[PDB]
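Peer 1: I am sharing final.pdb, which consists of PDB, C-alpha atoms (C1' of nucleotides) and all ligand atoms:
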ATOM      1  CA  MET A   1     -82.398 -35.146-189.534
ATOM      2  CA  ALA A   2     -84.315 -37.869-191.522
ATOM      3  CA  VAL A   3     -87.925 -37.534-190.095
ATOM      4  CA  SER A   4     -90.818 -34.976-190.034
ATOM      5  CA  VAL A   5     -94.037 -34.274-188.024
ATOM      6  CA  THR A   6     -97.400 -32.478-188.555
ATOM      7  CA  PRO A   7     -97.554 -28.847-187.126
ATOM      8  CA  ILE A   8    -100.671 -29.857-185.060
ATOM      9  CA  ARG A   9    -101.843 -32.993-183.139
ATOM     10  CA  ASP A  10    -103.369 -35.648-185.446
ATOM     11  CA  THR A  11    -107.021 -36.121-184.241
ATOM     12  CA  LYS A  12    -107.565 -38.880-186.917
ATOM     13  CA  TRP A  13    -106.155 -41.547-184.519
ATOM     14  CA  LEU A  14    -108.660 -40.449-181.744
ATOM     15  CA  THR A  15    -111.839 -39.947-183.915
ATOM     16  CA  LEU A  16    -114.666 -42.513-184.414
ATOM     17  CA  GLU A  17    -117.442 -42.548-187.068
ATOM     18  CA  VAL A  18    -121.115 -41.725-186.335
ATOM     19  CA  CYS A  19    -123.762 -44.224-187.577
ATOM     20  CA  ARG A  20    -125.157 -43.391-191.078
ATOM     21  CA  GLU A  21    -128.725 -44.394-190.034
ATOM     22  CA  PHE A  22    -128.543 -42.517-186.653
ATOM     23  CA  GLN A  23    -127.957 -39.241-188.611
ATOM     24  CA  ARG A  24    -131.145 -40.138-190.664
ATOM     25  CA  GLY A  25    -133.303 -41.192-187.628
ATOM     26  CA  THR A  26    -133.591 -44.822-188.974
ATOM     27  CA  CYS A  27    -131.155 -46.839-186.730
ATOM     28  CA  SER A  28    -132.591 -49.338-184.130
ATOM     29  CA  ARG A  29    -129.712 -50.351-181.739
ATOM     30  CA  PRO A  30    -128.047 -48.855-178.595
ATOM     31  CA  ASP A  31    -124.498 -47.343-178.888
ATOM     32  CA  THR A  32    -123.284 -50.564-177.112
ATOM     33  CA  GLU A  33    -124.485 -52.921-179.943
ATOM     34  CA  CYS A  34    -124.306 -50.821-183.171
ATOM     35  CA  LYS A  35    -121.316 -50.932-185.636
ATOM     36  CA  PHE A  36    -120.775 -47.124-185.243
ATOM     37  CA  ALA A  37    -121.163 -44.301-182.651
ATOM     38  CA  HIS A  38    -124.433 -42.632-181.420
ATOM     39  CA  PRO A  39    -123.294 -39.239-179.885
ATOM     40  CA  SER A  40    -125.398 -36.708-177.899
ATOM     41  CA  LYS A  41    -126.155 -32.957-178.388
ATOM     42  CA  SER A  42    -123.292 -32.287-175.868
ATOM     43  CA  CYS A  43    -120.607 -34.207-177.884
ATOM     44  CA  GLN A  44    -118.147 -32.312-180.202
ATOM     45  CA  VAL A  45    -119.668 -34.017-183.334
ATOM     46  CA  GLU A  46    -118.308 -32.794-186.736
ATOM     47  CA  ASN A  47    -118.626 -34.081-190.385
ATOM     48  CA  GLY A  48    -119.982 -37.523-189.202
ATOM     49  CA  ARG A  49    -117.052 -38.044-186.695
ATOM     50  CA  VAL A  50    -116.354 -37.395-182.960
ATOM     51  CA  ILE A  51    -113.076 -37.324-180.983
ATOM     52  CA  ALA A  52    -113.232 -40.138-178.347
ATOM     53  CA  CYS A  53    -112.200 -39.724-174.642
ATOM     54  CA  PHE A  54    -108.505 -40.890-174.251
ATOM     55  CA  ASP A  55    -109.003 -41.683-170.536
ATOM     56  CA  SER A  56    -112.127 -43.825-171.355
ATOM     57  CA  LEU A  57    -110.267 -45.508-174.314
ATOM     58  CA  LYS A  58    -107.556 -46.601-171.758
ATOM     59  CA  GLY A  59    -110.400 -48.049-169.544
ATOM     60  CA  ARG A  60    -110.574 -45.320-166.796
ATOM     61  CA  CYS A  61    -112.118 -41.886-167.530
ATOM     62  CA  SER A  62    -110.592 -38.944-165.505
ATOM     63  CA  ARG A  63    -113.536 -36.445-165.834
ATOM     64  CA  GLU A  64    -117.248 -36.319-164.763
ATOM     65  CA  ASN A  65    -118.852 -34.439-167.749
ATOM     66  CA  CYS A  66    -116.326 -34.490-170.678
ATOM     67  CA  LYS A  67    -117.158 -33.201-174.233
ATOM     68  CA  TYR A  68    -115.730 -36.269-176.091
ATOM     69  CA  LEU A  69    -117.387 -39.583-177.189
ATOM     70  CA  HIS A  70    -117.370 -42.707-174.940
ATOM     71  CA  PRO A  71    -117.440 -45.780-177.314
ATOM     72  CA  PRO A  72    -118.160 -49.469-176.321
ATOM     73  CA  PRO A  73    -115.242 -51.963-175.612
ATOM     74  CA  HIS A  74    -115.197 -53.334-179.230
ATOM     75  CA  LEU A  75    -114.833 -49.780-180.691
ATOM     76  CA  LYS A  76    -112.301 -48.860-177.885
ATOM     77  CA  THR A  77    -110.212 -51.850-179.105
ATOM     78  CA  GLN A  78    -110.497 -50.779-182.806
ATOM     79  CA  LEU A  79    -109.409 -47.229-181.792
ATOM     80  CA  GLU A  80    -106.390 -48.553-179.773
ATOM     81  CA  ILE A  81    -105.387 -50.739-182.816
ATOM     82  CA  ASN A  82    -105.480 -47.540-184.979
ATOM     83  CA  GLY A  83    -103.326 -45.738-182.323
ATOM     84  CA  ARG A  84    -100.841 -48.693-181.973
ATOM     85  CA  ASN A  85    -100.268 -48.792-185.776
ATOM     86  CA  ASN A  86     -98.523 -45.349-185.425
ATOM     87  CA  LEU A  87     -96.366 -46.601-182.454
ATOM     88  CA  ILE A  88     -95.464 -49.691-184.609
ATOM     89  CA  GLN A  89     -94.968 -47.244-187.578
ATOM     90  CA  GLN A  90     -96.049 -50.017-190.054
ATOM     91  CA  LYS A  91     -96.004 -47.478-192.999
ATOM     92  CA  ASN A  92     -92.194 -47.017-192.452
TER      93      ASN A  92
ATOM     94  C1'   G B   1    -115.408 -22.493-184.914
ATOM     95  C1'   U B   2    -112.612 -24.246-177.538
ATOM     96  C1'   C B   3    -112.568 -27.564-184.039
ATOM     97  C1'   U B   4    -105.437 -25.823-184.024
ATOM     98  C1'   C B   5    -110.646 -28.711-179.709
ATOM     99  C1'   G B   6    -109.563 -31.107-172.032
ATOM    100  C1'   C B   7    -106.798 -36.301-172.647
ATOM    101  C1'   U B   8    -103.479 -36.845-178.877
ATOM    102  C1'   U B   9    -100.333 -42.647-177.796
ATOM    103  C1'   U B  10     -98.872 -47.870-175.076
ATOM    104  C1'   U B  11     -91.957 -44.698-174.408
ATOM    105  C1'   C B  12     -86.311 -43.643-180.511
ATOM    106  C1'   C B  13     -89.490 -42.577-184.738
ATOM    107  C1'   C B  14     -94.975 -41.986-184.854
ATOM    108  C1'   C B  15     -97.327 -37.856-182.002
TER     109        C B  15
HETATM  110 ZN    ZN C 101    -126.451 -47.162-185.503
HETATM  111 ZN    ZN C 102    -114.557 -39.280-170.533
END
I need this file expressed as structure tokens, please.
Ligand SMILES: [Zn+2]
Ligand SMILES: [Zn+2]
Peer 2:
Amino acid sequence: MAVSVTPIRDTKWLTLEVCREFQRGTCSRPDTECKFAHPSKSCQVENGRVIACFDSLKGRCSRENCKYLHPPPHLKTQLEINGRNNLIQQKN
RNA sequence: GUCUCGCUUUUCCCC
């Protein structure tokens, strides 16, 4: 009676950014050490972003060949902080 | 366009 919600699921809290230099063929670090993500031809990459695997983000993937991005522990933590900010509802 | 995407939340609300 005093709240509202988006018609569709908000993917913005599950997406991670693709490296600017990886998209140019100029980056020189593995996905594990770079500041951003290095997806494959099989990932659902769009507009320099990819939706990350929820099960992997929680520390235990539940598939064997999933279409989402698997980020390193530091980026998993940044993604969970972005998710938690909605549970905390800091904006309201 | 599976792109409204296979998981969309760590519990009201967010979603
Ligand atoms: Zn890079
Ligand atoms: Zn996975």
Peer 1: Counting only C-alpha atoms (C1' of nucleotides), write as a ChimeraX atom specification all protein and nucleic acid residues lying at most 10 Å from (-117.5, -26.1, -178.6) in the file's frame.
Peer 2: /A:42-45,67 /B:1-3,5
Peer 1: Under the PyMOL selection byres ((chain A) within 6 of (chain B)), which residues of this model are included? Write them out as a list in words.
Peer 2: residues 9, 54, 86, 87 and 89 of chain A
Peer 1: Could you write those residues out with C-alpha atoms, as a PDB file, in the coordinates of the input?
Peer 2:
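And here's out18.pdb as it stands now:
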ATOM      1  CA  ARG A   9    -101.843 -32.993-183.139  1.00  0.00           C
ATOM      2  CA  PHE A  54    -108.505 -40.890-174.251  1.00  0.00           C
ATOM      3  CA  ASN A  86     -98.523 -45.349-185.425  1.00  0.00           C
ATOM      4  CA  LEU A  87     -96.366 -46.601-182.454  1.00  0.00           C
ATOM      5  CA  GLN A  89     -94.968 -47.244-187.578  1.00  0.00           C
TER       6      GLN A  89
END
Peer 1: CA of residue 61 (chain A) and CA of residue 75 (chain A) are how many Å apart?
Peer 2: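 Distance between the two atoms: 15.6 Å.
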Peer 1: So which residues touch region 18-33 of chain A within 6 Å, counting only C-alpha atoms (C1' of nucleotides), skipping near sequence neighbours fewer than 5 positions away, as a PyMOL selection string?
Peer 2: chain A and resi 38+48-49+72
Peer 1: One decimal, Å: what's the distance from CA of residue 50 (chain A) over to CA of residue 68 (chain A), could you say?
Peer 2: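 About the pair CA of residue 50 (chain A) and CA of residue 68 (chain A): they are 7.0 Å apart.
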Peer 1: Enumerate, as number ranges by chain, the residues matched when the PyMOL selection byres (((chain A and resi 16) around 9) and not hetatm) is run on the file above.
Peer 2: A: 12-15, 17-18, 36-37, 48-52, 69, 71, 75, 79
Peer 1: Keeping only C-alpha atoms, write the selected residues as a short mmCIF file (atom, residue, chain, number, x, y, z; two decimals), keeping the file's coordinate frame.
Peer 2:
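Below you can see selection_16.cif, which holds the result:
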data_model
loop_
_atom_site.label_atom_id
_atom_site.label_comp_id
_atom_site.auth_asym_id
_atom_site.auth_seq_id
_atom_site.Cartn_x
_atom_site.Cartn_y
_atom_site.Cartn_z
CA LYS A 12 -107.56 -38.88 -186.92
CA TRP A 13 -106.16 -41.55 -184.52
CA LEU A 14 -108.66 -40.45 -181.74
CA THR A 15 -111.84 -39.95 -183.92
CA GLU A 17 -117.44 -42.55 -187.07
CA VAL A 18 -121.12 -41.72 -186.34
CA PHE A 36 -120.78 -47.12 -185.24
CA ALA A 37 -121.16 -44.30 -182.65
CA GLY A 48 -119.98 -37.52 -189.20
CA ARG A 49 -117.05 -38.04 -186.70
CA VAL A 50 -116.35 -37.40 -182.96
CA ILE A 51 -113.08 -37.32 -180.98
CA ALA A 52 -113.23 -40.14 -178.35
CA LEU A 69 -117.39 -39.58 -177.19
CA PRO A 71 -117.44 -45.78 -177.31
CA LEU A 75 -114.83 -49.78 -180.69
CA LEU A 79 -109.41 -47.23 -181.79
#
Peer 1: Could you report the residues within 7 Å of ligand ZN 102 (chain C), using all atoms listed in the file, as JSON, numbers by chain?
Peer 2: {"A": [53, 55, 56, 61, 62, 63, 66, 68, 70]}
Peer 1: As an exercise, work out the distance from CA of residue 4 (chain A) to CA of residue 47 (chain A) in Å and give it to one decimal place.
Peer 2: 27.8 Å
Peer 1: Could you write out as JSON the box around region 22-37 of chain A (axis-aligned, all atoms listed in the file, 8 Å on each side), with centre and edge lengths in Å to one decimal?
Peer 2:
{"center_x": -127.2, "center_y": -46.1, "center_z": -183.9, "size_x": 28.8, "size_y": 29.7, "size_z": 29.6}
Peer 1: With only C-alpha atoms and all ligand atoms as the atoms that count, which of A:57, A:34, A:3, A:8 lies nearest to ligand ZN 101 (chain C)?
Peer 2: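 Result for the nearest residue to ligand ZN 101 (chain C): A:34.
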Peer 1: Counting all atoms listed in the file, which residue out of A:85, A:77, A:39, A:11 sits closest to ligand ZN 101 (chain C)?
Peer 2: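 Comparing A:85, A:77, A:39, A:11 against ligand ZN 101 (chain C), the winner is A:39.
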Peer 1: Taking into account all atoms listed in the file, which residue in the set A:7, A:65, A:58, A:46 is nearest to residue 83 (chain A)?
Peer 2: A:58
Peer 1: Write region 11-33 of chain A as a compact mmCIF listing (two decimals), in the frame of the given file, completed to N, CA, C and O atoms.
Peer 2:
# COMPACT_ATOMS: atom_id res chain seq x y z
N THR A 11 -105.76 -35.62 -184.85
CA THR A 11 -107.02 -36.12 -184.24
C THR A 11 -107.58 -37.38 -184.92
O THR A 11 -108.40 -38.09 -184.32
N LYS A 12 -107.12 -37.71 -186.13
CA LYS A 12 -107.56 -38.88 -186.92
C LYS A 12 -107.38 -40.22 -186.19
O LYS A 12 -108.17 -41.14 -186.41
N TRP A 13 -106.38 -40.33 -185.31
CA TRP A 13 -106.16 -41.55 -184.52
C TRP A 13 -107.05 -41.62 -183.26
O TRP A 13 -107.16 -42.70 -182.68
N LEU A 14 -107.72 -40.53 -182.88
CA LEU A 14 -108.66 -40.45 -181.74
C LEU A 14 -110.14 -40.35 -182.17
O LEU A 14 -111.02 -40.56 -181.34
N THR A 15 -110.45 -40.04 -183.44
CA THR A 15 -111.84 -39.95 -183.92
C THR A 15 -112.48 -41.30 -184.23
O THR A 15 -111.82 -42.24 -184.68
N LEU A 16 -113.81 -41.37 -184.06
CA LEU A 16 -114.67 -42.51 -184.41
C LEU A 16 -115.87 -42.02 -185.23
O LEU A 16 -116.34 -40.89 -185.05
N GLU A 17 -116.35 -42.86 -186.15
CA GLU A 17 -117.44 -42.55 -187.07
C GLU A 17 -118.84 -42.72 -186.45
O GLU A 17 -119.12 -43.70 -185.76
N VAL A 18 -119.71 -41.76 -186.75
CA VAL A 18 -121.12 -41.72 -186.34
C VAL A 18 -121.94 -42.58 -187.30
O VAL A 18 -121.72 -42.54 -188.51
N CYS A 19 -122.90 -43.35 -186.78
CA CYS A 19 -123.76 -44.22 -187.58
C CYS A 19 -124.52 -43.45 -188.67
O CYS A 19 -125.10 -42.38 -188.43
N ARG A 20 -124.50 -43.98 -189.90
CA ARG A 20 -125.16 -43.39 -191.08
C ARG A 20 -126.68 -43.31 -190.91
O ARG A 20 -127.30 -42.33 -191.32
N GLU A 21 -127.28 -44.33 -190.29
CA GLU A 21 -128.72 -44.39 -190.03
C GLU A 21 -129.14 -43.56 -188.81
O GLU A 21 -130.25 -43.03 -188.78
N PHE A 22 -128.27 -43.37 -187.82
CA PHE A 22 -128.54 -42.52 -186.65
C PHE A 22 -128.73 -41.05 -187.08
O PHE A 22 -129.68 -40.39 -186.65
N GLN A 23 -127.89 -40.58 -188.01
CA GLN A 23 -127.96 -39.24 -188.61
C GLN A 23 -129.22 -39.03 -189.48
O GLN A 23 -129.58 -37.89 -189.78
N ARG A 24 -129.90 -40.12 -189.87
CA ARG A 24 -131.15 -40.14 -190.66
C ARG A 24 -132.39 -40.47 -189.82
O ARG A 24 -133.51 -40.41 -190.34
N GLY A 25 -132.22 -40.81 -188.54
CA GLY A 25 -133.30 -41.19 -187.63
C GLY A 25 -133.92 -42.56 -187.95
O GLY A 25 -135.11 -42.77 -187.69
N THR A 26 -133.14 -43.49 -188.53
CA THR A 26 -133.59 -44.82 -188.97
C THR A 26 -132.90 -46.01 -188.28
O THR A 26 -133.36 -47.14 -188.44
N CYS A 27 -131.85 -45.78 -187.48
CA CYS A 27 -131.16 -46.84 -186.73
C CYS A 27 -132.03 -47.38 -185.56
O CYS A 27 -132.83 -46.63 -184.99
N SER A 28 -131.85 -48.65 -185.21
CA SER A 28 -132.59 -49.34 -184.13
C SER A 28 -131.70 -50.27 -183.29
O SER A 28 -131.95 -51.47 -183.17
N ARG A 29 -130.66 -49.69 -182.66
CA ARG A 29 -129.71 -50.35 -181.74
C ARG A 29 -129.11 -49.33 -180.76
O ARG A 29 -128.91 -48.17 -181.15
N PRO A 30 -128.76 -49.73 -179.53
CA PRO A 30 -128.05 -48.86 -178.60
C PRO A 30 -126.59 -48.68 -179.06
O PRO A 30 -126.05 -49.52 -179.78
N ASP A 31 -125.92 -47.62 -178.59
CA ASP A 31 -124.50 -47.34 -178.89
C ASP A 31 -123.58 -48.55 -178.59
O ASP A 31 -122.57 -48.76 -179.25
N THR A 32 -123.96 -49.35 -177.59
CA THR A 32 -123.28 -50.56 -177.11
C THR A 32 -123.32 -51.75 -178.09
O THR A 32 -122.48 -52.64 -177.98
N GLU A 33 -124.28 -51.79 -179.02
CA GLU A 33 -124.48 -52.92 -179.94
C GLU A 33 -124.36 -52.55 -181.43
O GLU A 33 -124.14 -53.44 -182.26
